[PDB]
Amino acid sequence: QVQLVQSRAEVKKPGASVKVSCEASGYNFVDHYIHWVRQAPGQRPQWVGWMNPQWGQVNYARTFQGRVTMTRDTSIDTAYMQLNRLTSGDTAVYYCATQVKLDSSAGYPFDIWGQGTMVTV
Amino acid sequence: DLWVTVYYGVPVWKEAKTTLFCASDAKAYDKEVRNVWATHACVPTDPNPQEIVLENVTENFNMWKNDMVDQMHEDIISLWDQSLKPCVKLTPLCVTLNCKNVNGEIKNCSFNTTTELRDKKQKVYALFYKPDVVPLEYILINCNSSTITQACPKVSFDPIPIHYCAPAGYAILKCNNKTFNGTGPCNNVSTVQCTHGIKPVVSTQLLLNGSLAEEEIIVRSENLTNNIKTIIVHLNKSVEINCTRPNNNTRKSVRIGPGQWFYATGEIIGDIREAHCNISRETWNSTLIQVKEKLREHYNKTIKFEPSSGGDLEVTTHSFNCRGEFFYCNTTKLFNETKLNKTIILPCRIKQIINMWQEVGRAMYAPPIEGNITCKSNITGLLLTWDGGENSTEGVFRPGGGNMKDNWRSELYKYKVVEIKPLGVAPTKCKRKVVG
Amino acid sequence: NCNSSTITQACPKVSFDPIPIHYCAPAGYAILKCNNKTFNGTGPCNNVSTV
Amino acid sequence: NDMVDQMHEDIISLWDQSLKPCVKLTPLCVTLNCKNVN
Amino acid sequence: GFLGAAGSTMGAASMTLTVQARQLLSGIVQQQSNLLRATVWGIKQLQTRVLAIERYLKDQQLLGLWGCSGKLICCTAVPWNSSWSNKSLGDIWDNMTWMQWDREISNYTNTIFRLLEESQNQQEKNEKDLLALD
Amino acid sequence: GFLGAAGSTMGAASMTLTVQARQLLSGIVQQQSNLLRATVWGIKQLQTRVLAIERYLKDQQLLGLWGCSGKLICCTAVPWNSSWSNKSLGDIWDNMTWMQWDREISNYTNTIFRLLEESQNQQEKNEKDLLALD
Amino acid sequence: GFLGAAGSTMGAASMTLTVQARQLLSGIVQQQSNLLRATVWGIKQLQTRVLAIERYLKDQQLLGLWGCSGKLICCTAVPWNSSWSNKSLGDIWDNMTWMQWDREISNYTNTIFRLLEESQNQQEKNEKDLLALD
Amino acid sequence: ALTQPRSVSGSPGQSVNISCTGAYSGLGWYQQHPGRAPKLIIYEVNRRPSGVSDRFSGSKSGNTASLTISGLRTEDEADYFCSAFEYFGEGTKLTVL
Ligand SMILES: *[C@@H]1O[C@H](CO)[C@@H](O[C@@H]2O[C@H](CO)[C@@H](O[C@@H]3O[C@H](CO[C@H]4O[C@H](CO)[C@@H](O)[C@H](O)[C@@H]4O)[C@@H](O)[C@H](O[C@H]4O[C@H](CO)[C@@H](O)[C@H](O)[C@@H]4O)[C@@H]3O)[C@H](O)[C@H]2NC(C)=O)[C@H](O)[C@H]1NC(C)=O
Ligand SMILES: *[C@@H]1O[C@H](CO)[C@@H](O[C@@H]2O[C@H](CO)[C@@H](O)[C@H](O)[C@H]2NC(C)=O)[C@H](O)[C@H]1NC(C)=O
Ligand SMILES: *[C@@H]1O[C@H](CO)[C@@H](O[C@@H]2O[C@H](CO)[C@@H](O)[C@H](O)[C@H]2NC(C)=O)[C@H](O)[C@H]1NC(C)=O
Ligand SMILES: *[C@@H]1O[C@H](CO)[C@@H](O[C@@H]2O[C@H](CO)[C@@H](O)[C@H](O)[C@H]2NC(C)=O)[C@H](O)[C@H]1NC(C)=O
Ligand SMILES: *[C@@H]1O[C@H](CO)[C@@H](O[C@@H]2O[C@H](CO)[C@@H](O)[C@H](O)[C@H]2NC(C)=O)[C@H](O)[C@H]1NC(C)=O
Ligand SMILES: *[C@@H]1O[C@H](CO)[C@@H](O[C@@H]2O[C@H](CO)[C@@H](O)[C@H](O)[C@H]2NC(C)=O)[C@H](O)[C@H]1NC(C)=O
Ligand SMILES: *[C@@H]1O[C@H](CO)[C@@H](O[C@@H]2O[C@H](CO)[C@@H](O)[C@H](O)[C@H]2NC(C)=O)[C@H](O)[C@H]1NC(C)=O
Ligand SMILES: *[C@@H]1O[C@H](CO)[C@@H](O[C@@H]2O[C@H](CO)[C@@H](O)[C@H](O)[C@H]2NC(C)=O)[C@H](O)[C@H]1NC(C)=O
Ligand SMILES: *[C@@H]1O[C@H](CO)[C@@H](O)[C@H](O)[C@H]1NC(C)=O
Ligand SMILES: *[C@@H]1O[C@H](CO)[C@@H](O)[C@H](O)[C@H]1NC(C)=O
Ligand SMILES: *[C@@H]1O[C@H](CO)[C@@H](O)[C@H](O)[C@H]1NC(C)=O
Ligand SMILES: *[C@@H]1O[C@H](CO)[C@@H](O)[C@H](O)[C@H]1NC(C)=O
Ligand SMILES: *[C@@H]1O[C@H](CO)[C@@H](O)[C@H](O)[C@H]1NC(C)=O
Ligand SMILES: *[C@@H]1O[C@H](CO)[C@@H](O)[C@H](O)[C@H]1NC(C)=O
Ligand SMILES: *[C@@H]1O[C@H](CO)[C@@H](O)[C@H](O)[C@H]1NC(C)=O
Ligand SMILES: *[C@@H]1O[C@H](CO)[C@@H](O)[C@H](O)[C@H]1NC(C)=O
Ligand SMILES: *[C@@H]1O[C@H](CO)[C@@H](O)[C@H](O)[C@H]1NC(C)=O
């Protein structure tokens, strides 16, 4: 209950697109924002963006702008993140993050994280 | 000696929340079942509001922890469902549409409906807009998610000013600071009977039809520097928009049941013309400048702009209601440049089946309005979101309208509900007459 | 009238026999009953009774 | 007199409230094949 | 006006306590239902009207159990235990507002309210019964 | 009975004021909810019960702020300004009814009601506080 | 606690009448609506709060018409007619409970309640008006 | 511009103590167990979320976040990340002898 479950790990070719889903169960999926954050194996974790499931309202860092699109399916409580124009430097593990069981309304930091999806291109 | 002495009616209050009360202006000119915000039982307000200014008092405010904006968003949702409860269902309209184009943004679709007789079937035609129809040979946009209850043509969506008024024994504290936080202490507070004229508009990225500022533009957020919450840029002056739907649409009545009449768009006459809005060019040019000055006070470098990256159609565009028809205006012409009458024109597309609040349930079908449509947007605020992690050389403010409580926080930032505790104990040199 | 509005039949359990009902003003109010034998309606009543 | 406005509003309200749980005759609005008795 | 003297000194504020006293219940000058038209607003309104009676009647009930029902200012014969506040007369009535007073003694007000019901009005009435016995 | 002396002289009517005072609220002899059944009548009934308490509590509140809470007849020390009415004692209490009295002074009753709360009970209590100081 | 002395003697029970008096209305410590959620329970709850006001306000109204509004114990000057009860002082206050008293005199309490409003407070006020005339 | 050291020494019974400087530094600290996702141990530099032991605590300064863990165990060997809003620190690996 109140967990984030992601998809299987994927390895793709440069130029191809990958889709990292993150289903949510046991809590109000719509009311809480879904953040997406990276961690390269041997580098600091890099923050991609957030996506609240009301309308989608996607926000991106400039290093991913024009390459990542996050969509959703609120009928089945699933949060997506699709990367386009994959390169050699886009290898990391991709985490979906949120904030549910905290008393801070500031939106940061995150407490509930996904199972992990190691993406190596 | 010092004996207690209780005083009834002391001016002390506590931070506590209660349920408010609608009180519209003395404007019972109805003549029809209308005013979905006021409805049938919102009382007239005080003709002479007793605004009471206080002194020597500084009370802290918190417009993001305010419970009035949670109660307002619950009522407007409740009024939205209550007004649609006796309205006409569109259950028999969820059939396979036979849609052919007109040329455009309108398809003529011929469908099958039952008549008032349960056995006879009729085939009628109706103009449906492009984003109201999903491919299947077509169907309506969300007949395979939830039901559709069309808006009753008798009622009106024009937002009249409603005053939320605390009951007897409570009070509403109004901050009078010309340049004020949002959250923080206010040097000039005033208790009032209740609030000013609040128009419960629905709008994304652009706060229409509200209250202006007095001195200058105030930029408001929880703490601004956080990128997760929207920034409410409360304007000083108001730019002028002339929105229109400059094509002649005829209203066609389709028989779908006993008393249930389905008002669709009949034959279009005149010119096939796009709906557009004239948000000046000169007043907006000075407006973004004055927005730049306030945004540069909270930073140290250039501040650029860029249109919305994504989301649903109702946040990427500028949504509002314009004489019973819901617009979706492309606000790329407003925010593109990187900041530090020759009017700009916004292509707006019209949708009828709108699912407001994104709650799984009733998604109303706005009936078409006969003739041309003209309204008057006014802009008393903006809704901006800061960008993510970048270099310090510049920052990007994408527009965006999130939860609808941000619309009410632009008008309920001044007010705060506190309970009055008139019992107070304070020592004095008085003692009552002894028994013995 | 099937092409104007719906029809909801009367439930056979209930009865349409009109029983005497008394419309009663609440506490704090009163009902003034005029007792003039030949009473016009509009106009003063010489003999009134609160009930 | 406002009592006759309030009474007439109640009898209308009692008329709609008593018919609210009653049986709808929506499927009876079909083509009737009627012949006379005499 | 209502809550007008919230920032004034206690001596100045104590003169216009009637103004704050009127507005806890009324109420009925602003509306009666209103029955001029005959919804979410109807249920919400009624619960406000019931609540305004609940808070008002508690205060007159507390004033009643302290034998102060009819009066806005009443003096008692329970002495002021110094542990509650150490401040003097001139440091309270001519230099402080009612807002800052409530903040400091709110911890022990409940047993002060217990002293008002036990120490005097429960003792005064038993003594007054024994006094009018003759 | 209730409103029985509405056409009698003020002296005769003033003796049976308790009867009109009783029936303003009750109320509870005729019903309590009623919980013997468990509708349009339910909502209609409840809004009347709230209104009956709310109107009743206004009058005891006004009597309370005039320091007359416990009494049906109370005398004051606000003098009668002659501009309100020029009639004498015998022209009022033994020749006129209450119904015709309310008709003529209703214009300034609110200012009179302002005199009852300010002139006496707001002055009497400050003086009475200053009187029991010693 | 509340109704704690229901089986004790009348003399012992008469000392802690404030405890039973507090609980007829409150009420508002346990809930106010509650506006923390925003059903069958909502309608049921509201009818309880209205009923709790209305019955409570009857008792202060009856105490008010007997000129005993502010007090929990008041003495009168209507004499006790012996036909109601023949028992003496020591047979009532130190050997009997309040329960068995209510069962035996409940038949004529209504004309006793008529004596409390007519015999004293309706006579005392007319005499008190005639007394402060000079 | 959020920096933290890579490895600081420690021993069971001796406190491991990490600096993290930067603008609005140390809003949240994460304990990434090797193999799975990180877990929040403190938020708002000092407050403690539910589900973590009492020995996990942090202290605040002007610009440096000091995370102090007392009473180490062998199961606490993990990677520690200092976070500030959307930014993140370099990462500090625990050293227990
Ligand atoms: C922000 O605030 C501005 C105000 O500055 C709003 O702009 C006004 O919006 C209202 C409501 O949409 C407009 O009022 C409507 O005007 C229609 C056109 O008026 C012309 O035609 C009528 C009839 O021929 C003439 O009487 C009139 O003088 C004009 O020549 C009316 O047709 C509408 O009438 C409604 O009620 C009647 C009576 O029941 C019905 O018969 C109609 O069918 C209709 O339902 C209505 O009066 C108004 O014109 C706008 N402009 C101004 C200057 O006030 C913005 O809408 C608001 N923004 C938002 C987002 O709410
Ligand atoms: C505190 O706020 C009140 C309310 O806004 C101010 O009162 C108004 O002041 C303006 C000019 O400042 C006048 O035009 C209005 O007529 C005033 N209102 C009334 C009802 O008289 C008040 O001046 C402010 N005081 C301070 C010190 O800021
Ligand atoms: C809507 O589509 C229908 C398709 O049948 C069109 O309706 C008919 O058009 C023909 C001309 O081609 C007319 O002779 C008929 O009288 C129309 N039918 C009716 C019921 O009027 C119609 O042209 C389309 N609407 C638009 C605006 O193009
Ligand atoms: C929007 O419309 C309004 C009026 O409908 C325009 O305002 C008037 O413009 C004319 C000339 O265009 C002036 O003579 C009037 O004095 C203006 N009146 C007011 C009240 O401003 C306005 O110019 C239009 N704006 C755009 C961008 O089209
Ligand atoms: C809003 O309008 C702008 C242009 O005014 C659109 O942006 C581009 O428009 C050109 C056509 O002139 C297209 O070829 C591009 O694909 C558009 N996008 C970009 C990123 O350049 C914009 O798409 C419009 N937005 C909406 C929601 O209609
Ligand atoms: C005024 O009207 C009342 C009510 O109709 C009359 O009182 C009743 O009528 C007859 C005739 O007097 C009596 O036999 C009844 O017993 C009366 N009822 C009661 C309860 O006493 C009354 O008589 C009328 N008076 C005048 C002067 O017309
Ligand atoms: C880490 O924890 C202890 C207690 O917090 C540290 O002791 C002080 O830490 C502050 C800031 O972390 C320094 O400014 C003081 O100089 C420290 N005092 C001493 C006496 O060291 C201590 O630095 C660390 N403990 C270790 C390294 O075992
Ligand atoms: C934004 O919110 C953060 C908390 O998420 C605030 O950060 C703390 O603020 C206090 C006092 O302002 C400082 O003592 C702390 O060191 C800050 N950081 C932490 C981690 O607690 C911050 O103040 C807010 N911004 C504004 C402008 O108020
Ligand atoms: C506020 O303070 C001033 C000066 O301290 C004082 O004269 C005034 O009476 C106070 N109260 C109000 C309501 O202005
Ligand atoms: C309407 O029903 C008839 C069946 O009688 C069918 O042939 C026709 O294709 C239907 N219309 C559409 C648009 O499918
Ligand atoms: C409803 O239909 C649309 C049409 O493409 C589809 O995308 C969506 O998944 C459907 N929803 C459900 C709940 O079946
Ligand atoms: C709010 O604005 C006031 C204006 O003086 C300022 O003191 C305070 O720091 C501001 N708070 C925030 C969180 O911006
Ligand atoms: C907007 O303002 C700037 C400087 O104030 C000016 O250079 C520019 O020409 C203005 N825009 C228009 C369309 O005149
Ligand atoms: C923004 O849009 C206007 C109008 O289309 C255009 O003239 C201008 O060059 C654009 N600015 C940028 C920076 O693209
Ligand atoms: C629209 O803005 C103008 C600015 O001149 C203002 O006069 C007018 O009152 C505004 N309309 C509304 C409805 O606020
Ligand atoms: C309903 O049917 C009757 C049958 O003759 C007809 O006269 C009447 O006009 C119909 N009503 C409508 C609204 O078409
Ligand atoms: C009833 O249905 C039958 C077949 O099910 C059909 O032949 C007949 O025409 C219908 N209508 C009548 C009997 O009015």
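Residues numbered from 1 in each chain as written, not as in the entry; some residues may be left out. Chains lettered and ligands numbered in written order. Part of a larger assembly, values for the part shown. Heavy atoms only, no water. Residues with missing side-chain atoms left out of burial classes, pairs and counts.

Looking at the PDB entry, one finds chain H named BG24 light chain and attributed to Homo sapiens.

Looking at the PDB entry, one finds chain C named Envelope glycoprotein gp160 and attributed to Human immunodeficiency virus 1.

### Quick notes on the packing of helix 1 (residues 3-19) of chain D against helix 3 (residues 40-65) of chain F
When two helices pack together, their arrangement is given by the angle between their axes and by how far apart the axes lie. Convention followed: To obtain each axis, a line is fitted to C-alpha atoms, and for helices this fit is confined to the stretch in contact; angles are then taken between N-to-C directions over 0 to 180 degrees. The helix and strand labels rest on DSSP assignments: H or I over at least four residues marks a helix, E over at least two residues marks a strand, and numbering proceeds from the N terminus. What sets the label is the angle itself: under 35 degrees gives roughly parallel, over 145 gives roughly antiparallel, 65 to 115 gives roughly perpendicular, and the rest give oblique. Contacts are assigned to residue pairs with any non-hydrogen atoms lying within 4.5 Å of each other. Residues are grouped as follows: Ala, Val, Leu, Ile, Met, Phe, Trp, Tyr, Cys and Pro are nonpolar; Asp, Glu, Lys and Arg are charged; all remaining types, including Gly, are polar.
One way to put it is that helix 1 of chain D packs onto helix 3 of chain F with a least axis distance of 10 Å and a crossing angle of 140°. With respect to helix 3 of chain F, the axis of helix 1 of chain D lies oblique. Each of D:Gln6, D:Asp10, D:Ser13, D:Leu14 and D:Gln17 in helix 1 of chain D lies in contact with helix 3 of chain F, whose residues at this interface are F:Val40, F:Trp41 and F:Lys44. In terms of residue class, the contact of helix 1 of chain D with helix 3 of chain F is made up of three nonpolar, three polar and two charged.

### Re a nonpolar patch on the surface
Condition: For patches, a residue must show more than 30% relative accessible area and have no salt bridge; joins then use 9 Å for like charges and 5 Å for nonpolar side chains, namely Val, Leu, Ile, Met, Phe, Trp and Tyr. The accessible surface values rely on the Shrake-Rupley method and a 1.4 Å probe; as for residues, cover is taken only from the protein chains in view. A carboxyl oxygen of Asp or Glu within 4 Å of a side-chain nitrogen of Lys or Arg is what we treat as a salt bridge.
Where nonpolar side chains cluster on the molecular surface, the patch consists of C:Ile19, C:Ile21, D:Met7 and D:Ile11 and spans about 370 Å² of accessible area. Looking at the secondary structure, you find D:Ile11 in helix 1.

### Considerations on the site of ligand 1
Residues and elements named next belong to chain B. Formally: Proximity is defined per residue: any heavy atom of the residue falling within 4 Å of a molecule or strand makes that residue near it. Distance and chemistry together define a polar contact, namely a pair of N or O atoms within 3.5 Å, with one atom able to donate a hydrogen and the other to accept it when in protein, and with adjacent residues in sequence counting only for side-chain atoms on both sides.
In the neighbourhood of ligand 1, the contacting residues comprise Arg34, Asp158, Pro159, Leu208, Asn209, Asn321, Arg323, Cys375 and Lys376. The side chain of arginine 34 places a nitrogen or oxygen atom 2.6 Å from an oxygen atom of ligand 1. When isolated, ligand 1 has an accessible area of 1,100 Å², and the protein chains bury 40% of it. Grouping the amino acids of the shell around ligand 1 by side-chain chemistry returns three nonpolar, two polar and four charged.

### Section: the sheet that holds strand 1 (residues 73-79) of chain E
Where we set the bar: Any two strands with at least two DSSP-identified bridges between them are counted as paired.
Spatial ordering of the open sheet is given by 30(B)-1(B)-1(E), a layout of three strands whose pairing is antiparallel. For this open sheet the edge positions go to strand 30 (423-425) of chain B together with strand 1 of chain E, each flanked by a neighbour on one side alone. Adjacent strand axes in the sheet meet at a mean angle of 25°, parallel and antiparallel pairs treated alike. Of the pairings in the sheet, the one linking strand 1 (residues 3-8) of chain B to strand 30 of chain B comprises three bridges and is antiparallel in character. Across the sheet, residue B:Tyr7 finds its bridge partner in strand 30 of chain B, namely B:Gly424. Sitting on the sheet, helix 3 (residues 40-65) of chain E touches strand 1 and strand 30 of chain B, and the angle it makes with strand 1 of chain B is about 150°. The strands that helix 5 (residues 109-131) of chain E touches are strand 1 and strand 30 of chain B together with strand 1 of chain E; relative to strand 1 of chain E, the one it contacts most, it runs at about 80°.

### Quick look at the sheet that holds strand 3 (residues 22-24) of chain B
Residue and element names in this part refer to chain B. Taken in spatial order, the three strands make up an open sheet running 4-3-12, and their pairing is mixed. Both outer strands of the open sheet, strand 4 (43-44) and strand 12 (162-164), are each paired with one neighbouring strand and no more. Sheet analysis places strand 3 next to strand 12, joined by three bridges and oriented antiparallel. Looking across to strand 12, one finds that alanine 23 is bridged to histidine 163.

### What to know about the nonpolar core
Basically, it comes down to this: Nonpolar core, defined: a set of buried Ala, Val, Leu, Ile, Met, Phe, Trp, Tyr and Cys residues in which side-chain atoms within 4.5 Å join the residues together. Accessible area is worked out with a 1.4 Å probe on protein chains only. A residue is then buried under 20% of its type maximum, exposed over 50%, and partly exposed in between.
Core analysis: the largest hydrophobic core is formed by 77 residues, its most contacted members being B:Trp13, E:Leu57, E:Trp66, E:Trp98, E:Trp101, F:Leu57 and G:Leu57. Of the residues forming this core, the biggest block, six residues, is contributed by helix 3 of chain E. Those residues in contact with E:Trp98 that lie beyond four places of it in its chain are B:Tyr7, B:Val10, B:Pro11, B:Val12, B:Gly424, B:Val425, B:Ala426, E:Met10, E:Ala13 and E:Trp93. Core analysis: the next-biggest nonpolar cluster, separate from the first, contains 47 residues, B:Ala38, B:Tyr164, B:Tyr328 and B:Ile354 among them.

### Considerations on the interface of chain A and chain B
The criterion, for reference: When two parts are brought into contact, each loses some accessible area as probed by a 1.4 Å sphere; the total of that loss over both is the buried area.
Contacts between the two partners involve 19 residues from chain A, matched on the other side by 27 residues from chain B. Where chain A abuts chain B, roughly 1,900 Å² becomes buried across the two surfaces, and 45% of that area is made up of carbon and sulfur atoms. Summed over the shared surface of chain A and chain B, the result is three salt bridges. For the side of chain A that touches chain B, the secondary-structure elements that each account for two or more residues are strand 6 (47-51) and strand 7 (59-60) of chain A. For the side of chain A that touches chain B, the per-class residue count stands at nine nonpolar, eight polar and two charged.

### Some details on helix 3 (residues 40-65) of chain G
To be explicit about the condition: The length a helix should cover is 1.5 Å for every residue beyond the first.
End to end, helix 3 of chain G covers 38 Å across 26 residues, agreeing with the expected 38 Å (1.5 Å per residue, within 8%). At the exit of helix 3 of chain G stands G:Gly67, carrying a positive phi of roughly 65°.

### Side note on the state of the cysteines
Filter applied, for reference: Here, the term disulfide refers to a pair of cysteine sulfur atoms separated by no more than 2.5 Å.
Taken as a whole and assessed by the stated rule, the structure comprises 18 disulfides over all chains. The side chain of B:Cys165 participates in a disulfide bridge whose partner is B:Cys194; the two sulfur atoms lie 2.0 Å from each other. With a gap of 29 residues between them, B:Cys165 in the loop between strand 12 and strand 13 (170-175) and B:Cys194 in the loop between strand 15 (189-192) and strand 16 (206-207) connect regions that are remote in the sequence. The closest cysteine sulfur to the non-disulfide-bonded D:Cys34 is located on C:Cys2, 12 Å from its own sulfur. D:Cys34 sits in the exposed class, given a relative accessible area of 60%. With no disulfide of its own, G:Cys75 lies 7.0 Å from the sulfur of G:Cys74, the closest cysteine sulfur.

### As for a negative patch on the surface
Residue and element names in this part refer to chain D. As a reminder of what qualifies: For this count, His and the chain ends are skipped, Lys and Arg are scored as positive, and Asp and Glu as negative. Where a charge lies is defined by one atom per residue type, namely NZ (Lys), CZ (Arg), CG (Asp) and CD (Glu).
Together, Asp2, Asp5, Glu9 and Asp16 give the surface a local cluster of negative charge. Among the secondary structure elements, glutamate 9 is positioned in helix 1. Residue classification places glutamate 9 among the partly exposed residues on the basis of a relative accessible area of 40%.

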